[PDB]
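Residue numbers (the deposited numbering), protein chains in the order written: chain A, 2 to 235, 258 to 306, 349 to 369, 409 to 416; chain B, 48 to 66, 83 to 121; chain C, 423 to 767; chain D, 146 to 189, 195 to 215, 227 to 228, 276 to 289; chain E, 247 to 295; chain F, 275 to 296, 309 to 327.
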DNA sequence: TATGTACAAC
DNA sequence: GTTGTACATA
Ligand SMILES: [Mg+2]
Ligand SMILES: [Zn+2]
Ligand SMILES: [Zn+2]
């Protein structure tokens, strides 16, 4: 449809397949392949039970990669039921991905910075760590080892003195594996993406089933001023070829039209003549051409249910 | 080309065949898609009507 | 018309009348109102007092006075001093009035810039030609016998309802309706207007008519095929646009105002079919023979004659007797009308 | 019961001035049990009723201008939550 | 909107715009009649180009 | 979105709070039932 | 000055 | 629906 949609979908596909398990790929791809998708229809497509679909939806909703829309449906055969639809709000998901990527990178950066700092001593018996500054005030009279204030036991130097290089590799590994996300985000920022809604998402619907019980339509209540949190987002050309005969007819019609107007515009009798002496106002060539044609032909031969509707 | 009024919750659309005239009635899910299909259909039907009118001229 | 001829968006236009009084919130906009809503001083409604302050507070850049022959009145001239305006323009077809206040316009809005000949624009196809006429309806003896004894204030109602005028008006309306014409009938007397309207079963408009009803009537008279003719009064004597009107008939008239005659004739000078060959609009003035109305009729057309219009006298309507039915055709009906009208007198 | 996105100007009448607002009709908040249920009056007929979740109220109170985990983690349909 | 055409004008269009003739000869007898072609041509972007 | 803007990252969303989702007396009666409502042209 | 008529407001 | 006020003419 549009280049923007393809790149956004690719970013969503990459994130799910890499940072999530397997079933999450199935769930999100189903609602990306289709528009807003009913819960019942989603279960039939993936052939998974409610107990298995629930955990996937909940985790995806937490990260705001999928949005929920509940509305009442009125089928004539059965009583009114509440249906749940799942779709994707690109502005929400993209913002969530950007925040998480920054947080993950920052956390590794902070861990690398923290690791480069001197280690803090820890007490084995009570497992209460002490920083270098805090351990310096625990020195004993003989000044041999730091003694725990509680246990009164020598302190043991903590690990992580050798990990100074491992974390650098981890950050290098992540930035290489996470490169596609950054590249896709750069293009997204360059353009501007419209926020989707249940009604808007329905414009690209590919029905999953033939007789799905869920009526995939948005019929908002009339004049309903109620608002739910996060419920809204920001001629004919006729041609006329005029043949030579038609032009003659048009002239004839013009003459007839002029005659009709002239008769209607005729002055009344009382205005035509000055009425002063009247009483009180109270109360055959065809053979000629054929013989020529025959002669010229001889010359050539010689020489040679009821529902309201409107008309659109 | 019969289309339900925009003031009704239904999004149904019917095409009636020229003569028990053939009727093909379809229900849409989004009004935006319904309008887009309606405009394209109207152009084809209107153009064919003009072509038929021209043919009937002579 | 304003929204049509120029590109001024509706958001910048506001109308200040008795129905609605909202004002434009845009930095610069338009206000179209009436003198009656701007000249009142004694008592103004709380909703209309705010509008007047809104009009007065701002320094307007242009003021247009339509039908400027009423601005030099005793109170209407205050609209020129209260509402500040840099440039004042006055638009009117007739620049005459009975009193001598006409010259007051010199120091109020300014002098007369341009004037156009009526005939010059008539021969160029801009305004429709008119074959004016003045029909002489002889008053019957039964009614005329009371026309002498009665006083002046009661004579007016007595020679306006004479039976012969009813016959003349009905015949002319039928003749022109068969001609596919839109007719307008004027009457300065409200009682005669209603009586004529009910007798012929045709709509009428006058002072007590609400704005919505008269607007609906005018629109129907323009586009509705069934409504061929409508009865107007002093309210529609000027500044009403009826492009479909092509014939005008008068049964009553103000005392001696020459301006009203010209303004009434204006309703038909803008006929849509004013360019088709042989077209001729009509303007009938039904008067009572040997009555004080003839004194005013010869005085009420002293301005049109100046412009070049020629008034001819019709003493008889041909083919008027052969009409099947005529109002007050028998003496019984005529006597009943005399007793009915004299009751009011 | 309305945010009044546009309010009449104090200096001059019939001259509206735009104020920070969203023009959403406010509910008639009532205390049902230990929850706050808001009822909306539709312009054009029972009023719309929904439970004002504490998260919604917490978000709103944070916009005002010094002194269960297991269930929601997996499954737990909205009725259970 | 009604646009009036004439046989002389149709020939003039072909002479002044050879591209129009190219699209005319290869489609009028094969796919759709002449009136449809001109209605489509005016509504197309080529008529604007 | 506010937190993303503080970090210098362009946020592809907006706060929902910013979404601004906001005579009787007839004179003539003898013509009743005859006048069709030509309200528009 | 008196008298019609139309208009705005309460 | 009625009362206080203009405008346009004798
Ligand atoms: Mg005018
Ligand atoms: Zn210890
Ligand atoms: Zn608000």
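A virtual CB, placed ideally from N, CA and C, is assigned to each residue, including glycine.
| said: Measuring CB atoms only, is the region 349-364 of chain A touching the region 720-740 of chain C, in the sense that at least three cross pairs come out at less than 8 Å? | reply: These segments do not touch.
| Given residue 233 of chain A as reference, the closest of D:169, D:208, D:163, D:277 once Cα atoms are compared | Just measuring C-alpha positions, the residue of D:169, D:208, D:163, D:277 sitting nearest residue 233 of chain A is D:169.
| message | Can you confirm whether the region 100-119 of chain B touches the region 428-442 of chain C when touching is taken to mean that 3 or more C-beta pairs between the two stretches lie within less than 8 Å? | response | A contact between stretches requires three or more CB pairs, one per stretch, nearer than 8 Å, and the region 428-442 of chain C fails this requirement with the region 100-119 of chain B.
| If you count every other CB in all the chains shown that lies within 10 Å of the CB of residue 311 of chain A, and 16 or more means buried, which is it? | What the structure lacks is residue 311 of chain A: chain A is numbered 306, then 349, with the residues between left out.
| task | Go through its chain and collect everything with a Cβ distance to residue 280 of chain A's Cβ below 7 Å, but skip five positions before and after it. | result | Residues of the same chain with a CB within less than 7 Å of the CB of residue 280 of chain A, apart from the 5 flanking positions on each side, do not exist.
| Pick from B:56, B:96, B:83: whose alpha carbon is nearest that of residue 206 of chain A? | Restricting attention to B:56, B:96, B:83, the CA atom closest to the CA of residue 206 of chain A is found in B:96.
| message | Counting only Cβ pairs nearer than 7 Å, list the residues of chain E close to residue 258 of chain A. | response | Correct list: 247.
| task | May I have a chain-ordered list of the beta strand (DSSP E) segments no shorter than 3 residues that lie completely inside the region 154-186 of chain D? | result | Counting whole runs of 3 or more residues, the region 154-186 of chain D contains the beta strand (DSSP E) stretches 161-163, 173-177, 180-185.
| Backbone CA spacing between residue 483 of chain C and residue 74 of chain A [nearest angstrom] | In a straight line, the C-alpha of residue 483 of chain C is about 59 Å away from that of residue 74 of chain A.
| task | Write down the C-beta distance between residue 199 of chain A and residue 37 of chain A rounded to the nearest angstrom, noting that I regard them as a contact closer than 8 Å. | result | Indeed, because the Cβ distance is near 5 Å, the residues count as touching under 8 Å.
| query | Would a C-beta distance cut-off of 8 Å place residue 551 of chain C and residue 703 of chain C closer than the cut-off? | reply | With respect to the 8 Å criterion, residue 551 of chain C and residue 703 of chain C are classified as neighbours on the basis of their beta carbons.
| task | Determine, using beta carbons only, whether residue 96 of chain A and residue 287 of chain F come nearer to each other than 8 Å. | result | Contact flag set, yes.
| task | Taking only the alpha-carbon atoms, compute the straight-line gap between residue 267 of chain E and residue 259 of chain E and give it to the nearest angstrom. | result | Straight-line spacing of the CA atoms in residue 267 of chain E and residue 259 of chain E works out to 8 Å.
| said: Distance cutoff 8 Å, beta carbons only. Does residue 262 of chain A sit that close to anything in chain E? | reply: With respect to chain E, the C-beta atom of residue 262 of chain A has a partner C-beta closer than 8 Å.
| message | According to DSSP, simplified to helix, strand and coil, what is residue 176 of chain A? | response | In the structure shown, the three-state DSSP call for residue 176 of chain A is helix.
| Close-in-space but distant-in-sequence residues of the same chain around residue 183 of chain D (CB under 6 Å, 5 per side omitted) | Spatial neighbours of residue 183 of chain D in its own chain (CB-CB distance under 6 Å, excluding positions within 5 residues in sequence) are listed in chain order as 172, 174, 202.
| query | Does the distance from the C-beta atom of residue 159 of chain A to that of residue 122 of chain A stay below 8 Å? | reply | In contact: residue 159 of chain A and residue 122 of chain A (Cβ atoms closer than 8 Å).
| Close beta carbons around residue 466 of chain C, own chain, < 7 Å, minus the five adjacent residues each side | Excluding the 5 residues flanking it on each side, residue 466 of chain C has same chain C-beta neighbours closer than 7 Å at 474, in chain order.
| field | Selection of the region 468-490 of chain C by Cβ proximity to chain D, strictly under 8 Å | value | Contacts with chain D (Cβ-Cβ distance below 8 Å) from the region 468-490 of chain C involve 472, 473, 475, 476, 479, listed in chain order.
| request: Please state whether DSSP places residue 719 of chain C in a helix, a strand or coil. | output: Helix.
| Cβ pair count under 8 Å reaching 3, the region 63-71 of chain A against the region 175-185 of chain A | The region 63-71 of chain A, when compared against the region 175-185 of chain A, does not touch it at the 8 Å Cβ threshold.
| As assigned by DSSP and simplified to three states, the class of residue 288 of chain F | In the structure shown, residue 288 of chain F sits in coil (DSSP, three-state: anything other than H, G, I, E or B).
| task | Rank C:541, C:556, C:446 by C-alpha distance to the C-alpha of residue 304 of chain A and give the top, closest one. | result | Ranking C:541, C:556, C:446 by CA distance to the CA of residue 304 of chain A puts C:556 first.
| Mind checking residue 683 of chain C: buried by the 16 CB within 10 Å criterion, or exposed? | Classification of residue 683 of chain C: buried, given that the 10 Å Cβ count is 16 or more.
| query | Grouping DSSP H, G and I as helix and E and B as strand, with all else coil, what is residue 622 of chain C? | reply | Residue 622 of chain C falls in the helix class under three-state DSSP.
| query | Rounded C-beta distance between residue 489 of chain C and residue 655 of chain C? I'm assuming under 8 Å. | reply | Not a contact, Cβ separation roughly 17 Å.
| Buried or exposed: residue 715 of chain C, going by 16 or more other Cβ atoms within 10 Å of its Cβ? | A residue is called buried once 16 or more other Cβ atoms fall within 10 Å of its Cβ, and residue 715 of chain C is buried on that count.
| field | N- and C-terminal bounds of the alpha helix (DSSP H) containing residue 642 of chain C | value | 633-645 is the span of the alpha helix (DSSP H), which, as asked, contains residue 642 of chain C.
| Can you give the beta carbon distance from residue 705 of chain C to residue 687 of chain C, rounded, assuming they're within the 8 Å contact cut? | Contact flag correct, Cβ pair sits at about 5 Å.
| said: Which residues in chain B have a C-beta closer than 7 Å to the C-beta of residue 281 of chain E? List them in chain order. | reply: Neighbours of residue 281 of chain E in chain B, taken as residues at a C-beta separation under 7 Å, are given in chain order as 113, 114, 117.
| message | Against chain B, with Cβ distances strictly below 8 Å, would residue 285 of chain E count as a contact? | response | For residue 285 of chain E, the closest Cβ of chain B is nearer than 8 Å.
| query | Given that residue 150 of chain D touches chain C, what residues does it touch there, using C-beta distances under 9 Å? | reply | Neighbours of residue 150 of chain D on chain C: none; closest Cβ ~14 Å, over 9 Å.
| message | Applying the 10 Å Cβ sphere with the 16-neighbour rule, what's the burial state of residue 294 of chain E? | response | Residue 294 of chain E sits exposed, since fewer than 16 C-beta atoms from the chains shown fall within 10 Å of its C-beta.
| Interface partners of residue 21 of chain A on chain B, CB under 9 Å | Chain B residues near residue 21 of chain A: none, gap ~30 Å exceeds 9 Å.
| message | Any beta carbon of chain D sitting closer than 8 Å to that of residue 68 of chain A? | response | Not closer than 8 Å to any Cβ of chain D, the Cβ of residue 68 of chain A fails to qualify, so no.
| request: Look up residue 63 of chain B in the DSSP assignment and say whether it is helix, strand or coil. | output: If DSSP states are grouped into helix, strand and coil, residue 63 of chain B belongs with the strands.
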